[PDB]
Each structure stands twice: as structure tokens, then as C-alpha cells.
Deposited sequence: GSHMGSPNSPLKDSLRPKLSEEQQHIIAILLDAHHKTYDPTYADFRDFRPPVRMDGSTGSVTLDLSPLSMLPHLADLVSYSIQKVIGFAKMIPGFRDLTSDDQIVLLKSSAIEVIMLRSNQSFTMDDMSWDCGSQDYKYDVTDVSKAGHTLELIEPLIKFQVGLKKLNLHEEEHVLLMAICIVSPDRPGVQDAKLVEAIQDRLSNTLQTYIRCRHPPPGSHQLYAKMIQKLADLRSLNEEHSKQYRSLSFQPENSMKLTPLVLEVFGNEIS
């Protein structure tokens, strides 16, 4: 069963998520307006930049994350940011029309909008399939936040110094998740759920890879790099 520390961990992550994900998406109005080439780059660049700040806020609240060095926190965030953004976006994703519904029409994104940011189907196609598969899992919010925290605290991220500590932190979360599924997630919805959730992490690595490739390509062009933000440039890379 769920020890007291594990119940604590879940409580902390649930709160952290609630403090970094505003389901009313009220802040989307402060972003440069969407334009429906690469007409969506300014808007999505701001949205992404905003999301990076939110992911960081979540990360810092992950039990143990702070005990990591400055350099390790930085490495973990830079490598996971895009993945957590994709993962957290499953909350706004809807299988009705395969789009992300963030309140209003101006703030509802589809394949077209993402391509209007410069990306191709090489990324978008597997991204939609990912959203669908993750959505099909019908995760409890508890599982959702544990998955994002586990994604951030990954020992194999290149450049990790104290990988041992990173694994220790991640294990604590993994065990919390495995136990939670057994204690709180009822069958059949729990059938191989952990294994399936971990597979989603693997899918995120290839998505991360394809996004990076396309990001380097897009940002290599000064006129596009000009449309980004300082945070996006520092975190995702600056030619």
C-alpha cells in the first residue's frame, strides 16, 4: 500500500500542478496574437516560452529536485521541457477533432496551426498519435503528475553529473506511481498501466529528437530566430 511519504509525494505534486497549470488559460491573451507562412510562430513561440516557465515552476516543487546541483537542474530542464509540454498538453487535447482546446477559437490549436509554426508531419503525425495513446490511458490526475515528474528527473539525460542521485529521486517517484496504480487504479484500466506509461516516456524521447532537429533547422534562419523569445532561445538552443 501507499506509505505516508508516498501519499505526501502525490499531495505535493498535485498541488504543484494546480499552481502551474491554469485550465482557464486566461494568460493566453498576453501572448502575441495568433494568425491563421509561419504565421503562428509568434503566438506559439510565446505560448511555448510561457510553458517553459510553468514547467520550471513544477519541477522545483518535485520532492528532491532541489537537492540536485544547479547544473543538474539545468540539464534536466533543458532536455525535458519540450517533453513535459507535450505531456501536460494532453490535458487540453481532445479526440473529437484531434486538437488542443484551450478555451476559445483563437486559442484552439490543430495540425494546421502547428505546421504554421514551421513544423512538418514528421513531428506532428507522431505527436497526434502520442496524444491519442496517452489520452486512451485515462490517467488519474495523480498518475499524470507523477509521470511528468518522472519525465523531468531522468538519470540518462546527457550531461548529468550526479546521475546516481537523479535515479534515487526518480525511483522514489516510480515506486510511488507503481504502488498508486496497484492501490488506487482499478482493473481493467490498470492492466499494464505502468509499462504503458513508461512506454510513453520512450515515445517522448523520439518526439524530443524530431522536435530538436526541426527546431535547429527553423531557428538557424535569423528571421525565424528573431520571432522567438530569450527564454526559448536559451532553453531550446541559440544557433
Regions left out of the model, expressed as runs of the deposited sequence counted from 1: 1 to 17, 54 to 66, 270 to 271
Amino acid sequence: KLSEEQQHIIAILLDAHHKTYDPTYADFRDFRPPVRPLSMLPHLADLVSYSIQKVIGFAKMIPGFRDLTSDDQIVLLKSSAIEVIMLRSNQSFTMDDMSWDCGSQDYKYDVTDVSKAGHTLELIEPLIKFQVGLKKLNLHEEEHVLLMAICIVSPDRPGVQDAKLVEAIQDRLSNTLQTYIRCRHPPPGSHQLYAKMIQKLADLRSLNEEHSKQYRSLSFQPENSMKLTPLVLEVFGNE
From here on, numbers count along this sequence of modelled residues.
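For clarity, a rigid core is taken as the largest C-alpha set superposing within 1.5 Å between two forms.
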- line: Core-superposed comparison in 9 other deposited structures of this protein: bigger Cα RMS shift among 46 to 54 and 179 to 187 is in 179 to 187
field: Given 61 to 69 and 46 to 54, the range whose Cα B-factors average higher in the PDB entry
entry: 61 to 69
- line: Averaging the C-alpha temperature factors as deposited, the higher value of 98 to 106 versus 83 to 91 falls on 98 to 106
- line: Of the residues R205, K196, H211, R184, the one whose Cα carries the largest B-factor in the deposited record is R184
- prompt: In terms of the CA temperature factor given in the entry, to which third of its chain does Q161 belong: lowest, middle or highest?
  reply: highest
field: Among modelled residues of the same chain, the CA temperature factor third for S225
entry: middle
message: Using the temperature factors of the C-alpha atoms in this entry, rank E167 within its chain: lowest, middle or highest third.
response: highest
task: Going by the recorded CA B-factors, say which third of the chain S154 sits in, lowest, middle or highest.
output: middle
field: Assigned third (lowest, middle, highest) for the C-alpha B factor of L41
entry: lowest
